[PDB]
Amino acid sequence: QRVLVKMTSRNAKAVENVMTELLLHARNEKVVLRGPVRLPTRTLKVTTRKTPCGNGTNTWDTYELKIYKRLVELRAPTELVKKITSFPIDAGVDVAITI
Amino acid sequence: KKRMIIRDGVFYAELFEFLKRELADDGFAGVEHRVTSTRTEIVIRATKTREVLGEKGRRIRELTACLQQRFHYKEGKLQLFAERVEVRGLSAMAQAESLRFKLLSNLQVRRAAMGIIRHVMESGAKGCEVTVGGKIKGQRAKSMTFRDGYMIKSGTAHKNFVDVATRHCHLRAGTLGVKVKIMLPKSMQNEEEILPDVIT
Amino acid sequence: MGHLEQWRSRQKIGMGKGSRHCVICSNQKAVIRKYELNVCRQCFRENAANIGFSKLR
Amino acid sequence: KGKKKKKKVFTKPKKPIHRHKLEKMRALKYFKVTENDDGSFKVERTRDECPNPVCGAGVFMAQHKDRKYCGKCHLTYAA
Amino acid sequence: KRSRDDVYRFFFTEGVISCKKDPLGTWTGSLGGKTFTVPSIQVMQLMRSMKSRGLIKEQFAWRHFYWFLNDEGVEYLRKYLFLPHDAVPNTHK
RNA sequence: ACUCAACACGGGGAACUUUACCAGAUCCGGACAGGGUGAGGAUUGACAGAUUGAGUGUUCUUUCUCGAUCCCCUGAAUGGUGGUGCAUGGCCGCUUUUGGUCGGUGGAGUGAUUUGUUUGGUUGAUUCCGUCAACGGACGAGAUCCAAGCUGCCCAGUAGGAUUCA
RNA sequence: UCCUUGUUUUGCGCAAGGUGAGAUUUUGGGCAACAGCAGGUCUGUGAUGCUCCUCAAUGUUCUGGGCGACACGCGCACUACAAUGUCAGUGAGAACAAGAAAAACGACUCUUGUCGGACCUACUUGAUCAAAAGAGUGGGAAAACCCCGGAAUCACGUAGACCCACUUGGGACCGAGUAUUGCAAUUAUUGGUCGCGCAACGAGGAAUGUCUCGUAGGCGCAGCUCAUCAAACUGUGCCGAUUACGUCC
């Protein structure tokens, strides 16, 4: 492995606060940053009939979720990673998968 | 993953539900769920705190416990909070609760309806509506509606200015619908769907 | 041993479209879902999101 | 759907219900005591216990014509 | 069905018990930290009776049950376990 | 469920389950004890044989094994894909994809009413313009939203090229 | 927007051309007022009023057996496959598509509070002799594995067979053998090879369905349901036209 921080979320304008600002700490602030960035957004798509009984003209609804995914890289910091990560914990339903 | 999301989703559903139902007449409105790593912070947003929190904290600690046994948290990985959301008029859910309570206690139709619509439009709401269906007069149901101010009903901009709520009132000789709408003076941040404006 | 061994057995084996039962109610008719391992269509999905789903299109 | 009300083909001996079959003063029928010799009372048993951990306490076996039995661990030492 | 005593000791020092609605047995705290194991139906029966006696306050949501137990509950229990208390919530805070 | 808004529809492609329906057997999931049960109590489970579709203690014979809430009797409670969709909520379909709906102030009439919302042109559109006792608003239309085509900034050790040397 | 200074009233706009990735609701969706129907649903729900039933039950019954949208002269609805020589049919060789799908279930071994396996698929073997099957090893929690996703329609200067016939066109029915799925495949469950084809059917009456451009039509794949089985439904891609752009009969 290397140090790979991934960020996943259910909406945009959530990810951007975490990534695109508040990984500031590793950016130009103290140490090197190699920044790759963002990945295929996936769609989770659940088609569902609209009538609670059997009648009608056979209408439907389609519902959707969006996933959002991000990814950034650091070249062996030796427990500066503690600092860098911990400052943004922010926004409900953003999760942070550090490797 | 695809899965982590759905976990958070189904969680948030069940959570919401159990509070909405079993905690009544406090003007329950919303929650929020979030995590900081290795904690869970769930706030609760209801008009009247002194009922929520209990006399010395019995009620809040109660809820805590309930949750922990279901979703299999340890203590100190779950903590709950209360908040007053003041300006009661500008929540659908709040006024839906209140209106329900009165109809269950054998108040009329039009009297009860009006009383809501007052308190709403005094809070500064752009317009509101209220509906009641079900029994009234006797036989063949009936539906009636009461309207004040103005509101939009199309687009996706009535899904960001108008949040609604629907509840039941269980009575003898019929169930009875009730519903309350309420268009806000504000968005969820800011946005106006039309209305071009010239700033000199 | 006797009657107890012969009562409630063949679907604590778990098989077929029996022993499903939705999370939201307990109804097992009208399809529990296997699609991304959610359950909602038995309390209908028109009634409940709060999962993050919306019709955009 | 639809429904009706009537069940009776019937008119057999139906089952009796199982009901406890009582033994009275069960301990004294097992433990046997004797004429007193040397001022010491000699206690014997007509019931011998089963050798399994579950039955290892005080729990006795049984006695039928053609078999011996243990109601605790459901076992047979056959006669 | 004498897991009674265990169940009642899970009550006292919590004030709350929860169980799924299911006919197949499972432990009704999912962890108690005393690691008891009880069926499902047995549990359900216990709290049912005490409910009718006014000692319980019942809540159902989804496919589950949330059990809170009153001021009244505390009385009944203390007499059955032959023990005084300062009170259930004061110990917890 | 029965014209259009029944008839590859009830997410209904069901071996058992699912399942309502048929033949047969089982279990209390009858809470709450006011009314009855000594140390045995009232009570639970069962090998073997027999009954039986059943090496199913269902039940009996037999004996052993166990909380005394379990057990016995009335009241009551409960559960139900039982009835009623012409008791009812919610949701959906349809009327109706058509451009429609309503009030205020002013004007005209003693008023039932009308003007605004009209003859004309124009537009998918009560969409606009012209004439004009009307003016200014609110819903529907329009707009806001989602996807597709082109493009800027961003980006690569999960995208893919160029050159050199062997 | 621009221009034709055409057309129009200077107006609202309209037609043709130009500019351009795109030219007129740019293209396809979602949303959608007021007033209603005695439309459907009590078989979606701890959504329910009043009634019915309640210990030899209309409850529970994941209990054993049968029945279910399945049982057979016959009418009707929707679907799929054909009557072949415009790829047309069995054989061969060449190129070639994108949305999407998979991960956790108290047992296990790990220490002191947690690893691995129940899901996909590759390679190799089996194969010193059919398919279907079998077995061992490895990767992937998904833009990493599968995957350079070698789809089918299609193409051929492949000297390929076939020849107008109900024929090698179509198969419906029908017998035998075998393996897998599952606790249980008997009323054949699903594959997979032999025989049955000499069973229909040779472009289809009255009448009738919905469509204006990447559309109609042809063709294939995935998701859905889910031990097993899709002629269905939902979604994505490939090959890709004819006619009209009008009227009120």
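Counting Cβ atoms of other protein chains within 10 Å of each Cβ in B:20-30 and taking the mean gives 1.
Helix B:3-22 axis versus longest C-alpha principal axis of chain B: approximately 60°, rounded to the nearest ten.
Per residue of chain B, the DSSP helices (runs of n ≥ 4 H) give a summed -39500 (n - 2.57) that works out to -10000 deg cm²/dmol at 222 nm.
Taking D:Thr46, D:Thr34, D:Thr11 as the candidate residues, the one with maximal mean-square fluctuation in a Gaussian network model of chain D, Cα springs under 10 Å, is D:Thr11.
Using a 10 Å cut-off around each Cβ of peptide E:53-65, what is the average number of partner chain Cβ atoms that fall inside?
That works out to 4 on average.
Here is the list for segment B:135-200: chymotrypsin sites (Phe, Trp or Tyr not before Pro) lying in DSSP coil, each with at most 15 other C-beta atoms within 10 angstrom of its C-beta, are B:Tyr150. Across every pair of non-identical alpha carbons in the protein assembly as shown, the mean reciprocal distance, once inverted, gives a Kirkwood radius of 29.7 Å. With axes computed from alpha carbons, what is the tilt in degrees of helix B:92-103 against the longest principal axis of chain B, rounded to the nearest 10 within 0 to 90? That helix lies at roughly 70 degrees to the long axis.
Helix E:71-80 axis versus longest C-alpha principal axis of chain E: approximately 90°, rounded to the nearest ten. Think of it this way: in chain D, D:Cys73 stand alone, with no other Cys Cβ under 4.7 Å.
Take A:64-72, C:14-22, E:73-81, B:135-143 and order them by the average number of nearby Cβ atoms within 10 Å per residue, most first; the result is A:64-72, E:73-81, C:14-22, B:135-143.
Restricting the GluC sites (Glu not before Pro) of segment A:1-50 to loop positions (DSSP other than H, G, I, E, B) with no more than 12 neighbouring Cβ atoms within 10 Å leaves A:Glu21, A:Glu29. Consider all pairwise Cα distances in chain D and report the whole-number % of them above 18 Å. That tail contains 67 percent of the Cα-Cα pairs. Above 23 Å, the calculated P(r) of chain A contains 40 percent of its Cα-Cα pairs.
Based on the mean of other Cβ atoms within 10 Å per residue, sort peptides C:43-53, C:2-12 so the most packed one is first. Intermediate values should be presented prior to the final figure.
On the way: C:43-53: 16.6, C:2-12: 8.5.
The densest-packed peptide leads the list: C:43-53, C:2-12.
With N as its number of residues, segment B:68-200 has a Cα radius of gyration that, divided by 2.2 N^0.38 Å, comes to 1.33. Helical runs (DSSP H, four residues minimum) scored at -39500 (n - 2.57) apiece and divided by the length of chain A put the mean residue ellipticity at 222 nm at -2500 deg cm²/dmol. Give me the net charge of C:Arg45's neighbourhood, meaning all other residues with Cβ under 14 Å from the Cβ of C:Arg45; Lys, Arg count +1, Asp, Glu -1. Around C:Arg45, the charge tally is +2. Partner shielding of B:111-117 amounts to 0, given as the average count of beta-carbon atoms from other chains within 10 Å of each residue beta-carbon.
Taken together, the values in this text are just the output of simple stated rules run on the coordinates, not laboratory data. For neighbour counting, all protein chains shown are included, and Cβ atoms are generated from backbone atoms with ideal geometry for every residue, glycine included.
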